[PDB]
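K.L.:
Before anything else, here's the structure in question.
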Amino acid sequence: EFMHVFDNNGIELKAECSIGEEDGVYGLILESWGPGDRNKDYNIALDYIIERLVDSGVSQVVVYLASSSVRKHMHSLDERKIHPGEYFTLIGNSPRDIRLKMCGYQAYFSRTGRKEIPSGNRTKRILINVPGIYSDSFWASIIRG
DNA sequence: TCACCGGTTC
DNA sequence: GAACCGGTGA
């Protein structure tokens, strides 16, 4: 029932995902890491996603916090956008460093709202959008490798 | 039961 | 500061 991200050798990572419309936004949803080994390749899978997006000519994305808790308590889609600007930038650093910047923003959320000081888990359920892309074929290529 | 993220371990 | 564990409330 869940799709997965595949590594550069075509091996399936422990990283559940799905492609579709959620809260009016079309994109890739990467499921959360935890407990234990549930989706433990979150970070590697997300590194590949960023790298492959860049190789496909995508320089900017929009990333929403999409955990059941945050969706429940933060009704505003604009507030659920993890980064302060309109877009998040995928170029100018290594895919790893870009991920660190991206996932640092997840630390500003709690169960019920935003925080002052970022803390806690950074590997939560997120929705990545590429502006102008409404196609599962594109996203299929990105997660397949 | 399950995905949630707080909080400890790296 | 980031990776990971596992306790938690629904």
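Chain labels run A, B, ... following the order of the structure tokens; each chain numbers its residues from 1, and ligands are numbered from 1 in the order shown.
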Mind dumping a table of every chain C residue within 12 Å of stretch 112-123 of chain A, with the nearest atom pair and its distance in Å to one decimal, using only C-alpha atoms (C1' of nucleotides), sorted by chain and rising number, as a tab-separated table?
P.N.:
residue	atom	partner	partner_atom	distance
C:1	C1'	A:119	CA	10.2
C:2	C1'	A:122	CA	9.0
C:3	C1'	A:121	CA	9.5
C:4	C1'	A:121	CA	9.5
C:5	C1'	A:121	CA	11.0
K.L.:
Quick one: residues within 8 Å of residue A:111, only C-alpha atoms (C1' of nucleotides), excluding same-chain residues fewer than 5 positions away - as number ranges by chain?
P.N.:
A: 69-70, 73; B: 4-5
K.L.:
Would you output that residue set with N, CA, C and O atoms (P, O5', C5', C4', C3', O3' and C1' of nucleotides), as a PDB file, in the first residue's frame?
P.N.:
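The resulting selection.pdb:
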ATOM      1  N   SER A  69      -0.836  15.244  13.992  1.00  0.00           N
ATOM      2  CA  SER A  69      -0.909  16.262  15.048  1.00  0.00           C
ATOM      3  C   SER A  69      -0.919  17.686  14.501  1.00  0.00           C
ATOM      4  O   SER A  69      -1.789  18.481  14.854  1.00  0.00           O
ATOM      5  N   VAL A  70       0.055  18.001  13.654  1.00  0.00           N
ATOM      6  CA  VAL A  70       0.199  19.355  13.103  1.00  0.00           C
ATOM      7  C   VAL A  70      -0.981  19.708  12.177  1.00  0.00           C
ATOM      8  O   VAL A  70      -1.491  20.830  12.231  1.00  0.00           O
ATOM      9  N   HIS A  73      -3.976  20.542  14.582  1.00  0.00           N
ATOM     10  CA  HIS A  73      -3.884  21.777  15.383  1.00  0.00           C
ATOM     11  C   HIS A  73      -3.536  23.055  14.605  1.00  0.00           C
ATOM     12  O   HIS A  73      -3.913  24.149  15.035  1.00  0.00           O
TER      13      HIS A  73
ATOM     14  P    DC B   4       2.677  10.710  11.918  1.00  0.00           P
ATOM     15  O5'  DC B   4       2.991  11.277  13.370  1.00  0.00           O
ATOM     16  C5'  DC B   4       1.943  11.880  14.149  1.00  0.00           C
ATOM     17  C4'  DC B   4       2.425  12.220  15.540  1.00  0.00           C
ATOM     18  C3'  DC B   4       3.784  12.899  15.631  1.00  0.00           C
ATOM     19  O3'  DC B   4       3.692  14.303  15.386  1.00  0.00           O
ATOM     20  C1'  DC B   4       3.564  11.233  17.325  1.00  0.00           C
ATOM     21  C1'  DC B   5       7.886  13.970  18.672  1.00  0.00           C
ATOM     22  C3'  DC B   5       7.484  16.260  18.716  1.00  0.00           C
ATOM     23  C4'  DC B   5       6.151  15.538  18.704  1.00  0.00           C
ATOM     24  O3'  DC B   5       7.850  16.443  20.073  1.00  0.00           O
ATOM     25  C5'  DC B   5       5.304  15.899  17.489  1.00  0.00           C
ATOM     26  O5'  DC B   5       5.812  15.219  16.349  1.00  0.00           O
ATOM     27  P    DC B   5       4.996  15.131  14.977  1.00  0.00           P
TER      28       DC B   5
END
K.L.:
So that I can check the surroundings of residue A:135, please list as an MDAnalysis selection string every protein, DNA and RNA residue that reaches within 12 Å of it, counting only C-alpha atoms (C1' of nucleotides) and ignoring chain neighbours fewer than 6 positions away.
P.N.:
chainID A and resid 19:21 25:28 129 141:142
K.L.:
What are the closest atom pairs, with distances in Å to one decimal, for each residue of chain A lying within 10 Å of chain C, using only C-alpha atoms (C1' of nucleotides), rows by chain and rising residue number, as a Markdown table?
P.N.:
| residue | atom | partner | partner_atom | distance |
| --- | --- | --- | --- | --- |
| A:33 | CA | C:4 | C1' | 9.7 |
| A:34 | CA | C:5 | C1' | 8.5 |
| A:35 | CA | C:6 | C1' | 6.5 |
| A:36 | CA | C:5 | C1' | 6.5 |
| A:37 | CA | C:4 | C1' | 9.6 |
| A:40 | CA | C:4 | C1' | 9.1 |
| A:43 | CA | C:3 | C1' | 9.7 |
| A:100 | CA | C:2 | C1' | 8.4 |
| A:104 | CA | C:2 | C1' | 9.2 |
| A:121 | CA | C:4 | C1' | 9.5 |
| A:122 | CA | C:2 | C1' | 9.0 |
| A:123 | CA | C:3 | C1' | 10.0 |
K.L.:
If DSSP is run on the backbone, what residues of stretch 3-131 of chain A are alpha helix (DSSP H)? A reply as a ChimeraX atom specification would be ideal.
P.N.:
/A:42-55,68-73,77-80,95-104
K.L.:
Which residues of chain B come within 12 Å of chain A, and what is each one's closest atom pair and distance in Å (one decimal), counting only C-alpha atoms (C1' of nucleotides), sorted by chain and residue number, as CSV?
P.N.:
residue,atom,partner,partner_atom,distance
B:2,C1',A:35,CA,9.8
B:3,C1',A:32,CA,7.7
B:4,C1',A:69,CA,7.1
B:5,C1',A:121,CA,5.4
B:6,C1',A:120,CA,5.6
B:7,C1',A:120,CA,7.0
B:8,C1',A:120,CA,10.4
K.L.:
Do you know which residues are at most 7 Å from residue A:59 counting only C-alpha atoms (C1' of nucleotides), after dropping those on the same chain fewer than 3 positions away, and could you put them as a list in words?
P.N.:
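Near neighbours after the sequence-gap exclusion: residues 54, 89, 90 and 91 of chain A.
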K.L.:
Could you save the residues just selected, with N, CA and C atoms, as a tab-separated table (two decimals), in the first residue's frame?
P.N.:
chain	number	residue	atom	x	y	z
A	54	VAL	N	17.36	18.03	-8.07
A	54	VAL	CA	18.35	18.95	-8.64
A	54	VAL	C	18.79	18.48	-10.02
A	89	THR	N	15.21	26.34	-1.10
A	89	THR	CA	16.20	26.25	-2.18
A	89	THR	C	17.05	24.98	-2.04
A	90	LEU	N	17.13	24.21	-3.12
A	90	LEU	CA	17.80	22.91	-3.14
A	90	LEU	C	19.23	22.92	-3.67
A	91	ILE	N	19.72	24.07	-4.13
A	91	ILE	CA	21.03	24.18	-4.79
A	91	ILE	C	22.00	25.05	-3.99
K.L.:
Which residues are near residue A:65? Cut-off 8 Å, only C-alpha atoms (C1' of nucleotides), ignore same chain within fewer than 5 positions. Put them as an NGL selection string.
P.N.:
:A and (70-71 or 80-82 or 106 or 124-127)
K.L.:
Take the residues from that selection and put them in a file with N, CA, C and O atoms, as an mmCIF file, in the first residue's frame.
P.N.:
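Output file again-v5.cif is given in full below:
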data_model
loop_
_atom_site.group_PDB
_atom_site.id
_atom_site.type_symbol
_atom_site.label_atom_id
_atom_site.label_comp_id
_atom_site.auth_asym_id
_atom_site.auth_seq_id
_atom_site.Cartn_x
_atom_site.Cartn_y
_atom_site.Cartn_z
ATOM 1 N N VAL A 70 0.055 18.001 13.654
ATOM 2 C CA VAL A 70 0.199 19.355 13.103
ATOM 3 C C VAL A 70 -0.981 19.708 12.177
ATOM 4 O O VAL A 70 -1.491 20.830 12.231
ATOM 5 N N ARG A 71 -1.418 18.753 11.353
ATOM 6 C CA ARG A 71 -2.622 18.929 10.520
ATOM 7 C C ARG A 71 -3.877 19.215 11.355
ATOM 8 O O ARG A 71 -4.698 20.056 10.979
ATOM 9 N N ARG A 80 1.778 25.746 8.300
ATOM 10 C CA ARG A 80 2.375 24.409 8.175
ATOM 11 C C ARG A 80 3.595 24.330 7.248
ATOM 12 O O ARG A 80 4.362 23.367 7.328
ATOM 13 N N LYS A 81 3.755 25.315 6.363
ATOM 14 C CA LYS A 81 4.971 25.466 5.561
ATOM 15 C C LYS A 81 6.162 25.648 6.504
ATOM 16 O O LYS A 81 6.219 26.628 7.247
ATOM 17 N N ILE A 82 7.097 24.698 6.482
ATOM 18 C CA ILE A 82 8.180 24.651 7.482
ATOM 19 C C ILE A 82 9.182 25.809 7.391
ATOM 20 O O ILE A 82 9.746 26.222 8.400
ATOM 21 N N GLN A 106 11.803 21.552 10.793
ATOM 22 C CA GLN A 106 10.865 20.627 11.448
ATOM 23 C C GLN A 106 10.970 20.678 12.978
ATOM 24 O O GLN A 106 9.993 20.405 13.677
ATOM 25 N N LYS A 124 9.942 13.966 10.537
ATOM 26 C CA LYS A 124 8.487 13.878 10.633
ATOM 27 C C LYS A 124 7.871 13.758 9.247
ATOM 28 O O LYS A 124 8.547 13.959 8.233
ATOM 29 N N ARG A 125 6.578 13.455 9.215
ATOM 30 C CA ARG A 125 5.825 13.359 7.963
ATOM 31 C C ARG A 125 5.746 14.722 7.275
ATOM 32 O O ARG A 125 5.184 15.664 7.832
ATOM 33 N N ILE A 126 6.322 14.818 6.076
ATOM 34 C CA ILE A 126 6.355 16.074 5.309
ATOM 35 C C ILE A 126 5.850 15.900 3.881
ATOM 36 O O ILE A 126 5.934 14.814 3.316
ATOM 37 N N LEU A 127 5.352 16.996 3.313
ATOM 38 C CA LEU A 127 4.825 17.037 1.954
ATOM 39 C C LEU A 127 5.671 18.008 1.140
ATOM 40 O O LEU A 127 5.696 19.200 1.442
#
K.L.:
Excluding residue A:53 and residues on its chain fewer than 3 positions from it, collect all residues at most 10 Å away from it, counting only C-alpha atoms (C1' of nucleotides), and give them as a ChimeraX atom specification.
P.N.:
/A:47-50,56-61,90-91,95,130,138-139,141-143
K.L.:
Save the residues we just selected, N, CA, C and O atoms, as a CSV table (one decimal), in the first residue's frame?
P.N.:
chain,number,residue,atom,x,y,z
A,47,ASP,N,17.9,12.6,1.2
A,47,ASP,CA,19.1,13.1,0.4
A,47,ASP,C,19.0,12.7,-1.1
A,47,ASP,O,19.4,13.6,-1.9
A,48,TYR,N,18.6,11.5,-1.4
A,48,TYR,CA,18.4,11.1,-2.8
A,48,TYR,C,17.3,11.9,-3.5
A,48,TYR,O,17.6,12.4,-4.6
A,49,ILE,N,16.2,12.1,-2.8
A,49,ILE,CA,15.1,13.0,-3.3
A,49,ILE,C,15.6,14.4,-3.7
A,49,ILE,O,15.4,14.8,-4.8
A,50,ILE,N,16.4,15.0,-2.8
A,50,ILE,CA,17.0,16.3,-3.1
A,50,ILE,C,17.9,16.3,-4.3
A,50,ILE,O,17.8,17.1,-5.2
A,56,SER,N,17.1,16.8,-12.1
A,56,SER,CA,16.0,17.0,-13.0
A,56,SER,C,15.7,18.5,-13.3
A,56,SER,O,14.6,18.8,-13.9
A,57,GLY,N,16.5,19.4,-12.8
A,57,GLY,CA,16.4,20.8,-13.1
A,57,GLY,C,15.5,21.6,-12.1
A,57,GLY,O,15.1,22.7,-12.4
A,58,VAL,N,15.2,21.0,-10.9
A,58,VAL,CA,14.4,21.6,-9.9
A,58,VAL,C,15.3,22.3,-8.9
A,58,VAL,O,16.1,21.6,-8.2
A,59,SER,N,15.2,23.6,-8.8
A,59,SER,CA,16.0,24.4,-7.9
A,59,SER,C,15.3,24.8,-6.6
A,59,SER,O,16.0,25.1,-5.6
A,60,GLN,N,14.0,24.9,-6.6
A,60,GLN,CA,13.2,25.3,-5.4
A,60,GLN,C,11.9,24.4,-5.2
A,60,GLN,O,11.3,23.9,-6.2
A,61,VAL,N,11.6,24.3,-4.0
A,61,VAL,CA,10.4,23.5,-3.6
A,61,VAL,C,9.6,24.2,-2.5
A,61,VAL,O,10.0,25.2,-2.0
A,90,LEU,N,17.1,24.2,-3.1
A,90,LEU,CA,17.8,22.9,-3.1
A,90,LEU,C,19.2,22.9,-3.7
A,90,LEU,O,19.9,21.9,-3.6
A,91,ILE,N,19.7,24.1,-4.1
A,91,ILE,CA,21.0,24.2,-4.8
A,91,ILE,C,22.0,25.0,-4.0
A,91,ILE,O,21.6,25.8,-3.1
A,95,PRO,N,23.6,17.7,-1.3
A,95,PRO,CA,22.2,17.2,-0.8
A,95,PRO,C,22.1,16.9,0.7
A,95,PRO,O,21.1,17.2,1.2
A,130,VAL,N,6.7,20.6,-5.9
A,130,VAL,CA,7.4,21.3,-6.9
A,130,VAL,C,6.4,22.2,-7.7
A,130,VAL,O,5.5,21.6,-8.3
A,138,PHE,N,6.6,12.2,-12.9
A,138,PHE,CA,7.8,13.0,-12.5
A,138,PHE,C,8.3,12.5,-11.1
A,138,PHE,O,9.4,12.1,-11.0
A,139,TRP,N,7.4,12.5,-10.1
A,139,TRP,CA,7.7,12.1,-8.8
A,139,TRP,C,8.1,10.6,-8.7
A,139,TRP,O,8.9,10.2,-7.9
A,141,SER,N,9.9,9.0,-11.0
A,141,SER,CA,11.3,9.1,-11.4
A,141,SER,C,12.2,9.5,-10.3
A,141,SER,O,13.3,9.0,-10.2
A,142,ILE,N,11.8,10.5,-9.5
A,142,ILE,CA,12.6,11.0,-8.4
A,142,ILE,C,12.8,10.0,-7.3
A,142,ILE,O,13.9,9.8,-6.8
A,143,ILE,N,11.7,9.2,-6.9
A,143,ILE,CA,11.8,8.2,-5.8
A,143,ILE,C,12.4,6.9,-6.3
A,143,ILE,O,13.0,6.1,-5.5
K.L.:
Measure the distance from atom CA of residue A:18 to atom CA of residue A:92 in Å and round it to one decimal.
P.N.:
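Interatomic distance, atom CA of residue A:18 to atom CA of residue A:92: 27.4 Å.
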